[PDB]
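Structure file my_file28.txt; described as compact mmCIF, N, CA and C atoms and all ligand atoms.
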# COMPACT_ATOMS: atom_id res chain seq x y z
N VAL X 1 -25.88 40.34 55.17
CA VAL X 1 -26.83 41.13 54.38
C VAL X 1 -27.71 42.04 55.17
N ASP X 2 -27.89 41.78 56.47
CA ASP X 2 -28.98 42.40 57.21
C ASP X 2 -28.87 43.89 57.40
N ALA X 3 -27.66 44.43 57.34
CA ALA X 3 -27.52 45.88 57.53
C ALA X 3 -27.96 46.66 56.32
N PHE X 4 -28.04 46.00 55.17
CA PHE X 4 -28.56 46.70 53.97
C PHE X 4 -30.05 46.81 53.95
N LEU X 5 -30.79 46.02 54.69
CA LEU X 5 -32.24 45.97 54.58
C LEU X 5 -32.88 47.27 55.11
N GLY X 6 -33.88 47.70 54.36
CA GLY X 6 -34.69 48.84 54.73
C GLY X 6 -35.02 49.74 53.54
N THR X 7 -35.41 50.95 53.84
CA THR X 7 -35.82 51.95 52.86
C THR X 7 -34.77 53.11 52.87
N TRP X 8 -34.29 53.40 51.71
CA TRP X 8 -33.18 54.36 51.51
C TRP X 8 -33.59 55.45 50.54
N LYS X 9 -33.20 56.68 50.74
CA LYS X 9 -33.52 57.73 49.80
C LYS X 9 -32.27 58.43 49.30
N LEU X 10 -32.25 58.78 48.01
CA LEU X 10 -31.04 59.40 47.45
C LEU X 10 -30.85 60.80 48.01
N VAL X 11 -29.63 61.10 48.42
CA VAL X 11 -29.32 62.44 48.94
C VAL X 11 -28.20 63.11 48.17
N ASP X 12 -27.41 62.39 47.41
CA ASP X 12 -26.29 62.97 46.65
C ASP X 12 -25.97 62.07 45.44
N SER X 13 -25.51 62.72 44.36
CA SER X 13 -25.13 62.00 43.17
C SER X 13 -23.98 62.70 42.45
N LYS X 14 -22.97 61.95 42.08
CA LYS X 14 -21.83 62.52 41.32
C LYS X 14 -21.60 61.69 40.06
N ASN X 15 -21.56 62.37 38.89
CA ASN X 15 -21.20 61.80 37.65
C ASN X 15 -22.19 60.78 37.11
N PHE X 16 -23.46 60.93 37.48
CA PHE X 16 -24.44 59.96 36.91
C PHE X 16 -24.59 60.19 35.44
N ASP X 17 -24.49 61.44 34.97
CA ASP X 17 -24.59 61.69 33.54
C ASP X 17 -23.56 60.92 32.75
N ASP X 18 -22.33 60.94 33.20
CA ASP X 18 -21.23 60.24 32.54
C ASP X 18 -21.51 58.76 32.42
N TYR X 19 -21.99 58.17 33.50
CA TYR X 19 -22.40 56.81 33.55
C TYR X 19 -23.49 56.46 32.53
N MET X 20 -24.56 57.25 32.54
CA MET X 20 -25.64 57.06 31.57
C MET X 20 -25.18 57.24 30.13
N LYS X 21 -24.34 58.26 29.88
CA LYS X 21 -23.82 58.49 28.53
C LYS X 21 -23.09 57.23 28.04
N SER X 22 -22.25 56.66 28.93
CA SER X 22 -21.43 55.53 28.58
C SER X 22 -22.31 54.33 28.16
N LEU X 23 -23.47 54.18 28.82
CA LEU X 23 -24.37 53.11 28.53
C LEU X 23 -25.22 53.40 27.29
N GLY X 24 -25.17 54.60 26.79
CA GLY X 24 -25.90 54.90 25.52
C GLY X 24 -27.25 55.48 25.78
N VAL X 25 -27.50 55.91 27.01
CA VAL X 25 -28.80 56.55 27.34
C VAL X 25 -28.94 57.89 26.67
N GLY X 26 -30.09 58.15 26.05
CA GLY X 26 -30.32 59.35 25.30
C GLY X 26 -30.47 60.60 26.13
N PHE X 27 -30.21 61.77 25.51
CA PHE X 27 -30.17 63.00 26.27
C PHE X 27 -31.43 63.30 27.00
N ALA X 28 -32.62 62.98 26.46
CA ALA X 28 -33.86 63.37 27.16
C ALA X 28 -34.08 62.58 28.42
N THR X 29 -33.73 61.29 28.38
CA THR X 29 -33.79 60.47 29.57
C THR X 29 -32.80 60.93 30.61
N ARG X 30 -31.60 61.33 30.14
CA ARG X 30 -30.59 61.83 31.08
C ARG X 30 -31.05 63.08 31.76
N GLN X 31 -31.76 63.96 31.04
CA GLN X 31 -32.32 65.15 31.69
C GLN X 31 -33.18 64.77 32.88
N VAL X 32 -34.17 63.89 32.65
CA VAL X 32 -35.12 63.60 33.72
C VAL X 32 -34.45 62.90 34.88
N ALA X 33 -33.51 61.97 34.51
CA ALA X 33 -32.81 61.21 35.53
C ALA X 33 -31.97 62.08 36.43
N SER X 34 -31.47 63.18 35.93
CA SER X 34 -30.61 64.03 36.70
C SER X 34 -31.37 64.73 37.81
N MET X 35 -32.68 64.83 37.67
CA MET X 35 -33.50 65.52 38.67
C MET X 35 -34.35 64.56 39.51
N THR X 36 -34.19 63.28 39.29
CA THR X 36 -35.00 62.30 40.01
C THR X 36 -34.27 61.84 41.26
N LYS X 37 -35.01 61.70 42.35
CA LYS X 37 -34.39 61.17 43.61
C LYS X 37 -35.14 59.91 44.04
N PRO X 38 -34.55 58.75 43.64
CA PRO X 38 -35.27 57.50 43.89
C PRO X 38 -35.26 57.08 45.36
N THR X 39 -36.20 56.17 45.63
CA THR X 39 -36.20 55.42 46.88
C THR X 39 -35.89 53.96 46.54
N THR X 40 -34.96 53.42 47.33
CA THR X 40 -34.59 51.99 47.16
C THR X 40 -35.01 51.26 48.43
N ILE X 41 -35.74 50.17 48.21
CA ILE X 41 -36.17 49.28 49.26
C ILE X 41 -35.54 47.93 49.10
N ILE X 42 -34.91 47.43 50.16
CA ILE X 42 -34.25 46.14 50.12
C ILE X 42 -34.86 45.28 51.20
N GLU X 43 -35.41 44.14 50.82
CA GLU X 43 -36.11 43.27 51.73
C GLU X 43 -35.62 41.81 51.53
N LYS X 44 -35.78 41.00 52.54
CA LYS X 44 -35.40 39.60 52.45
C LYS X 44 -36.51 38.69 52.94
N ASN X 45 -36.63 37.56 52.28
CA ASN X 45 -37.54 36.48 52.72
C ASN X 45 -36.76 35.22 52.59
N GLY X 46 -36.17 34.76 53.68
CA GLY X 46 -35.27 33.61 53.55
C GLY X 46 -34.04 33.96 52.78
N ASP X 47 -33.70 33.14 51.81
CA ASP X 47 -32.59 33.38 50.94
C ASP X 47 -32.87 34.24 49.74
N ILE X 48 -34.09 34.78 49.63
CA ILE X 48 -34.46 35.57 48.48
C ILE X 48 -34.43 37.05 48.85
N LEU X 49 -33.64 37.84 48.15
CA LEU X 49 -33.65 39.29 48.29
C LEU X 49 -34.53 39.93 47.20
N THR X 50 -35.17 41.02 47.61
CA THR X 50 -35.95 41.83 46.67
C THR X 50 -35.41 43.25 46.76
N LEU X 51 -35.12 43.80 45.60
CA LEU X 51 -34.60 45.19 45.55
C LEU X 51 -35.55 45.96 44.65
N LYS X 52 -36.23 46.94 45.23
CA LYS X 52 -37.18 47.79 44.55
C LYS X 52 -36.54 49.21 44.41
N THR X 53 -36.64 49.78 43.25
CA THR X 53 -36.20 51.20 43.09
C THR X 53 -37.39 51.99 42.55
N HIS X 54 -37.90 52.93 43.30
CA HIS X 54 -39.11 53.66 42.97
C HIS X 54 -38.77 55.13 42.71
N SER X 55 -39.47 55.67 41.69
CA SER X 55 -39.32 57.12 41.47
C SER X 55 -40.53 57.65 40.69
N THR X 56 -40.58 58.97 40.51
CA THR X 56 -41.63 59.51 39.64
C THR X 56 -41.45 59.16 38.19
N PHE X 57 -40.23 58.74 37.79
CA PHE X 57 -39.96 58.53 36.37
C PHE X 57 -40.10 57.03 36.02
N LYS X 58 -39.34 56.15 36.65
CA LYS X 58 -39.40 54.74 36.31
C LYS X 58 -39.30 53.94 37.62
N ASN X 59 -39.80 52.77 37.63
CA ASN X 59 -39.74 51.90 38.82
C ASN X 59 -39.18 50.55 38.34
N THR X 60 -38.36 49.93 39.14
CA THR X 60 -37.87 48.56 38.85
C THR X 60 -37.99 47.70 40.10
N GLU X 61 -38.05 46.38 39.87
CA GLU X 61 -38.05 45.43 40.98
C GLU X 61 -37.35 44.18 40.50
N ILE X 62 -36.44 43.65 41.29
CA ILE X 62 -35.80 42.38 41.01
C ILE X 62 -35.79 41.53 42.27
N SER X 63 -35.90 40.25 42.12
CA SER X 63 -35.71 39.32 43.24
C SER X 63 -34.63 38.31 42.81
N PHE X 64 -33.80 37.91 43.75
CA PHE X 64 -32.68 37.03 43.41
C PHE X 64 -32.15 36.33 44.67
N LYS X 65 -31.41 35.26 44.43
CA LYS X 65 -30.64 34.62 45.48
C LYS X 65 -29.18 35.05 45.28
N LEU X 66 -28.45 35.25 46.37
CA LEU X 66 -27.04 35.58 46.22
C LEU X 66 -26.30 34.45 45.49
N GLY X 67 -25.44 34.79 44.57
CA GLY X 67 -24.56 33.83 43.91
C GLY X 67 -25.22 33.01 42.84
N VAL X 68 -26.43 33.36 42.43
CA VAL X 68 -27.14 32.58 41.40
C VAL X 68 -27.54 33.57 40.28
N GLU X 69 -27.12 33.27 39.06
CA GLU X 69 -27.38 34.14 37.92
C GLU X 69 -28.88 34.27 37.68
N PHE X 70 -29.29 35.45 37.24
CA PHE X 70 -30.67 35.70 36.87
C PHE X 70 -30.72 36.65 35.66
N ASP X 71 -31.79 36.59 34.91
CA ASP X 71 -32.07 37.52 33.82
C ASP X 71 -32.72 38.79 34.40
N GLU X 72 -32.25 39.92 33.89
CA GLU X 72 -32.75 41.20 34.39
C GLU X 72 -32.98 42.14 33.20
N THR X 73 -34.04 42.90 33.25
CA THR X 73 -34.23 44.01 32.28
C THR X 73 -34.11 45.32 33.03
N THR X 74 -33.11 46.10 32.69
CA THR X 74 -32.75 47.29 33.48
C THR X 74 -33.66 48.46 33.15
N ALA X 75 -33.54 49.54 33.91
CA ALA X 75 -34.36 50.72 33.72
C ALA X 75 -34.20 51.37 32.37
N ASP X 76 -33.03 51.22 31.77
CA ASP X 76 -32.74 51.68 30.43
C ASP X 76 -32.95 50.63 29.36
N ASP X 77 -33.66 49.56 29.69
CA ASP X 77 -34.06 48.56 28.77
C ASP X 77 -32.90 47.78 28.17
N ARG X 78 -31.85 47.52 28.92
CA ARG X 78 -30.91 46.46 28.53
C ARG X 78 -31.41 45.10 29.04
N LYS X 79 -31.23 44.04 28.31
CA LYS X 79 -31.43 42.70 28.79
C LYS X 79 -30.13 42.06 29.15
N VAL X 80 -29.90 41.86 30.44
CA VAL X 80 -28.62 41.46 30.95
C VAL X 80 -28.71 40.17 31.78
N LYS X 81 -27.57 39.52 31.96
CA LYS X 81 -27.33 38.41 32.85
C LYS X 81 -26.65 38.98 34.10
N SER X 82 -27.28 38.76 35.26
CA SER X 82 -26.83 39.40 36.48
C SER X 82 -26.48 38.36 37.54
N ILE X 83 -25.58 38.75 38.42
CA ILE X 83 -25.31 38.01 39.63
C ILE X 83 -24.98 38.99 40.75
N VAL X 84 -25.46 38.73 41.94
CA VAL X 84 -25.20 39.57 43.13
C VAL X 84 -24.55 38.66 44.17
N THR X 85 -23.44 39.16 44.72
CA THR X 85 -22.70 38.43 45.75
C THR X 85 -22.32 39.45 46.86
N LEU X 86 -21.93 38.90 48.02
CA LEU X 86 -21.36 39.60 49.12
C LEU X 86 -19.85 39.45 49.09
N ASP X 87 -19.11 40.55 49.04
CA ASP X 87 -17.66 40.47 48.88
C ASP X 87 -17.07 41.59 49.76
N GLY X 88 -16.37 41.16 50.82
CA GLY X 88 -15.83 42.16 51.74
C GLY X 88 -16.88 43.02 52.40
N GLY X 89 -18.09 42.46 52.60
CA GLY X 89 -19.15 43.17 53.22
C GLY X 89 -19.91 44.11 52.32
N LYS X 90 -19.54 44.16 51.05
CA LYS X 90 -20.19 44.91 49.99
C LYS X 90 -21.14 44.01 49.23
N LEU X 91 -22.24 44.59 48.78
CA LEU X 91 -23.14 43.89 47.89
C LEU X 91 -22.76 44.25 46.44
N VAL X 92 -22.29 43.31 45.71
CA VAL X 92 -21.73 43.53 44.37
C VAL X 92 -22.69 42.92 43.35
N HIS X 93 -23.23 43.77 42.49
CA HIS X 93 -24.13 43.40 41.42
C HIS X 93 -23.41 43.54 40.08
N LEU X 94 -23.18 42.40 39.40
CA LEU X 94 -22.53 42.41 38.10
C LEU X 94 -23.54 42.16 36.99
N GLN X 95 -23.60 43.00 35.99
CA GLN X 95 -24.46 42.83 34.81
C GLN X 95 -23.59 42.57 33.57
N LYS X 96 -23.98 41.53 32.81
CA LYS X 96 -23.23 41.25 31.56
C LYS X 96 -24.18 41.22 30.38
N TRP X 97 -23.80 41.82 29.27
CA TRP X 97 -24.59 41.80 28.04
C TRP X 97 -23.66 42.13 26.86
N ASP X 98 -23.81 41.40 25.79
CA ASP X 98 -23.11 41.73 24.54
C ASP X 98 -21.62 41.89 24.76
N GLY X 99 -21.02 41.10 25.62
CA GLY X 99 -19.62 41.16 25.90
C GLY X 99 -19.18 42.31 26.77
N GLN X 100 -20.13 43.14 27.19
CA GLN X 100 -19.82 44.25 28.08
C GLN X 100 -20.22 43.88 29.53
N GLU X 101 -19.77 44.72 30.45
CA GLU X 101 -20.08 44.50 31.86
C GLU X 101 -20.23 45.88 32.55
N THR X 102 -21.07 45.88 33.57
CA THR X 102 -21.08 47.01 34.48
C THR X 102 -21.28 46.49 35.90
N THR X 103 -20.73 47.17 36.88
CA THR X 103 -20.85 46.85 38.26
C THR X 103 -21.57 47.92 39.06
N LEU X 104 -22.44 47.44 39.93
CA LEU X 104 -23.20 48.28 40.88
C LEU X 104 -22.81 47.74 42.29
N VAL X 105 -22.00 48.54 42.98
CA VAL X 105 -21.48 48.08 44.27
C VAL X 105 -22.08 48.92 45.38
N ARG X 106 -22.63 48.28 46.39
CA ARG X 106 -23.19 48.97 47.51
C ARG X 106 -22.41 48.69 48.79
N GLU X 107 -22.04 49.78 49.48
CA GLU X 107 -21.31 49.60 50.73
C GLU X 107 -21.92 50.51 51.78
N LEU X 108 -21.85 50.10 53.02
CA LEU X 108 -22.32 50.99 54.10
C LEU X 108 -21.06 51.59 54.78
N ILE X 109 -21.13 52.91 54.83
CA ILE X 109 -20.02 53.73 55.41
C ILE X 109 -20.71 54.79 56.30
N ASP X 110 -20.46 54.72 57.59
CA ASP X 110 -21.03 55.71 58.50
C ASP X 110 -22.55 55.77 58.48
N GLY X 111 -23.19 54.62 58.28
CA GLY X 111 -24.62 54.52 58.29
C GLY X 111 -25.31 54.89 57.00
N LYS X 112 -24.54 55.32 56.00
CA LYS X 112 -25.08 55.70 54.72
C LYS X 112 -24.81 54.54 53.72
N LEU X 113 -25.65 54.44 52.71
CA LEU X 113 -25.44 53.41 51.69
C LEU X 113 -24.81 54.09 50.48
N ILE X 114 -23.61 53.69 50.12
CA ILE X 114 -22.91 54.28 48.98
C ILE X 114 -22.95 53.30 47.80
N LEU X 115 -23.54 53.77 46.70
CA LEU X 115 -23.68 52.98 45.49
C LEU X 115 -22.70 53.52 44.44
N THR X 116 -21.78 52.66 44.04
CA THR X 116 -20.81 53.03 43.01
C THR X 116 -21.10 52.22 41.73
N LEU X 117 -21.27 52.95 40.64
CA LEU X 117 -21.60 52.42 39.34
C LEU X 117 -20.43 52.64 38.38
N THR X 118 -19.95 51.56 37.75
CA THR X 118 -18.78 51.65 36.89
C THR X 118 -19.15 51.03 35.54
N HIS X 119 -18.88 51.74 34.46
CA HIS X 119 -18.96 51.13 33.11
C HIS X 119 -17.91 51.83 32.25
N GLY X 120 -17.13 51.10 31.53
CA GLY X 120 -16.04 51.72 30.76
C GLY X 120 -15.12 52.50 31.65
N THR X 121 -14.90 53.78 31.41
CA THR X 121 -14.10 54.60 32.30
C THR X 121 -14.93 55.46 33.22
N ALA X 122 -16.28 55.35 33.11
CA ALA X 122 -17.17 56.21 33.88
C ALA X 122 -17.39 55.60 35.26
N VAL X 123 -17.29 56.42 36.27
CA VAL X 123 -17.55 56.03 37.64
C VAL X 123 -18.46 57.08 38.31
N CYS X 124 -19.60 56.59 38.79
CA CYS X 124 -20.60 57.42 39.44
C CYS X 124 -20.76 56.99 40.88
N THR X 125 -20.93 57.93 41.79
CA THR X 125 -21.17 57.63 43.18
C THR X 125 -22.50 58.26 43.61
N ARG X 126 -23.37 57.39 44.15
CA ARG X 126 -24.65 57.86 44.63
C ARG X 126 -24.79 57.55 46.10
N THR X 127 -25.24 58.52 46.88
CA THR X 127 -25.32 58.33 48.32
C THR X 127 -26.78 58.27 48.76
N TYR X 128 -27.16 57.26 49.50
CA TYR X 128 -28.47 57.05 50.04
C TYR X 128 -28.48 57.13 51.57
N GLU X 129 -29.55 57.70 52.12
CA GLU X 129 -29.70 57.73 53.58
C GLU X 129 -30.93 56.95 54.00
N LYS X 130 -30.85 56.35 55.20
CA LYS X 130 -31.92 55.45 55.63
C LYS X 130 -33.15 56.25 56.07
N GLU X 131 -34.31 55.83 55.59
CA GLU X 131 -35.62 56.33 56.01
C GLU X 131 -36.20 55.33 57.07
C1 LIG X 201 -35.69 53.23 38.40
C2 LIG X 201 -35.41 54.72 38.55
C3 LIG X 201 -33.98 54.95 39.02
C4 LIG X 201 -33.38 56.08 38.16
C5 LIG X 201 -34.22 56.26 36.91
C6 LIG X 201 -33.53 56.94 35.80
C7 LIG X 201 -32.41 56.26 35.11
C8 LIG X 201 -32.75 55.43 33.93
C9 LIG X 201 -31.68 55.40 32.85
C10 LIG X 201 -30.34 54.98 33.45
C11 LIG X 201 -30.43 53.70 34.20
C12 LIG X 201 -29.07 53.10 34.55
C13 LIG X 201 -29.16 51.88 35.41
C14 LIG X 201 -29.77 52.07 36.76
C15 LIG X 201 -29.03 53.00 37.69
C16 LIG X 201 -29.53 52.91 39.13
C17 LIG X 201 -29.37 54.06 40.01
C18 LIG X 201 -29.80 54.05 41.41
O1 LIG X 201 -30.27 53.03 41.89
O2 LIG X 201 -29.62 55.08 42.03
Could you rewrite the structure in this file as structure tokens?
Ligand SMILES: CCCCCCCCCCCCCCCCCC(=O)O
Amino acid sequence: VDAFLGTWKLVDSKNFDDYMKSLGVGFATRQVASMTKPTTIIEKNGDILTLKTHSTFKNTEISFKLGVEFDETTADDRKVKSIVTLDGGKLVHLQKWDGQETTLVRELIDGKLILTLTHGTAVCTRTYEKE
């Protein structure tokens, strides 16, 4: 887990609109989100990880242990059952609600953090650089 820790800033985004549309996010929220560049902070205290996502529009914070389910309320106000695991060196976050699922996968490639978001047929790639 240790290579993920730190402060990251968004530098590139592809197909986030498609992703948000698939989740049912309304057009006005999609407008603002398309212009927002969040900062993600990942910290550890023992076995507990904390993931903070900060922006001018909305802020979220979750704390969790790897491999243990937790309740999460997402930025778009879904109430989901989540689990985060390490798989092939990737941090894989699975959210389940109402029989649906979405995955948020983070991988480090060339020192950058690549976040891939999948729901239905929509696939979004967001690139973060370390601050
Ligand atoms: C918390 C602020 C991050 C982006 C805010 C705008 C988006 C809110 C509506 C869509 C939310 C979809 C789930 C969260 C996607 C996370 C993206 C990211 O960490 O880069």
Report task. Compute the distance from (-26.7, 60.3, 42.9) to each atom, counting all atoms listed in the file, keep the residues with any atom at most 5 Å away, and return them as number ranges by chain; use the coordinates of the file. Result -> X: 12-14, 125-127
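The coordinates place CA of residue 96 in chain X at 16.5 Å from atom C9 of ligand LIG 201 (chain X).
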Query - chain X: residues DSSP assigns to strand (DSSP E), reported as a PyMOL selection string - result: chain X and resi 6-14+39-45+48-54+60-65+70-73+79-87+90-97+100-109+112-119+122-130
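A straight line drawn from CA of residue 118 in chain X to atom N of residue 45 in chain X is 27.5 Å long.
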Query raised in the report: What residues have any atom no more than 6 Å from ligand LIG 201 (chain X) when counting all atoms listed in the file, and can you list them as a ChimeraX atom specification?
Result: /X:20,33,38,53-55,57-60,75-76
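Running DSSP on the backbone gives alpha helix (DSSP H) for these residues within chain X: residues 16, 17, 18, 19, 20, 21, 22, 23, 27, 28, 29, 30, 31, 32, 33 and 34 of chain X.
Atom C of residue 3 in chain X sits 23.3 Å away from CA of residue 74 in chain X.
You can rank X:112, X:88, X:19, X:66 by their closest distance to residue 130 in chain X using only N, CA and C atoms, and at the top of that list sits X:112.
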Query raised in the report: Using all atoms listed in the file, which of X:124, X:97, X:43, X:64 sits nearest residue 78 in chain X?
Result: X:97
Requested in this report: With only C-alpha atoms counted, which protein, DNA or RNA residues have an atom no more than 12 Å from (-26.8, 51.5, 29.8) in the file frame? Please answer as a VMD selection string.
Outcome: chain X and resid 16 to 26 29 to 30 73 to 80 95 to 98 100 to 103 117 to 120 122
If you count all atoms listed in the file, which residues fall within 7 Å of residue 107 in chain X, apart from same-chain ones fewer than 3 positions away, as a compact mmCIF listing (two decimals) with N, CA and C atoms, keeping the file's coordinate frame?
# COMPACT_ATOMS: atom_id res chain seq x y z
N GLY X 89 -18.09 42.46 52.60
CA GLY X 89 -19.15 43.17 53.22
C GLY X 89 -19.91 44.11 52.32
N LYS X 90 -19.54 44.16 51.05
CA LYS X 90 -20.19 44.91 49.99
C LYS X 90 -21.14 44.01 49.23
N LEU X 91 -22.24 44.59 48.78
CA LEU X 91 -23.14 43.89 47.89
C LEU X 91 -22.76 44.25 46.44
N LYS X 112 -24.54 55.32 56.00
CA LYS X 112 -25.08 55.70 54.72
C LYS X 112 -24.81 54.54 53.72
N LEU X 113 -25.65 54.44 52.71
CA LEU X 113 -25.44 53.41 51.69
C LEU X 113 -24.81 54.09 50.48
N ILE X 114 -23.61 53.69 50.12
CA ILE X 114 -22.91 54.28 48.98
C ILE X 114 -22.95 53.30 47.80
N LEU X 115 -23.54 53.77 46.70
CA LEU X 115 -23.68 52.98 45.49
C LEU X 115 -22.70 53.52 44.44
N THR X 116 -21.78 52.66 44.04
CA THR X 116 -20.81 53.03 43.01
C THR X 116 -21.10 52.22 41.73
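Counting only C-alpha atoms and comparing X:94, X:1, X:86, X:10, the residue that lies closest to residue 70 in chain X is X:94.
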Enclosing box along x, y and z for every listed atom of range 7-13 of chain X, padded 6 Å each side, centre and size in Å, one decimal, as lines of an AutoDock Vina configuration file:
center_x = -29.9
center_y = 57.0
center_z = 48.1
size_x = 23.8
size_y = 24.2
size_z = 23.4
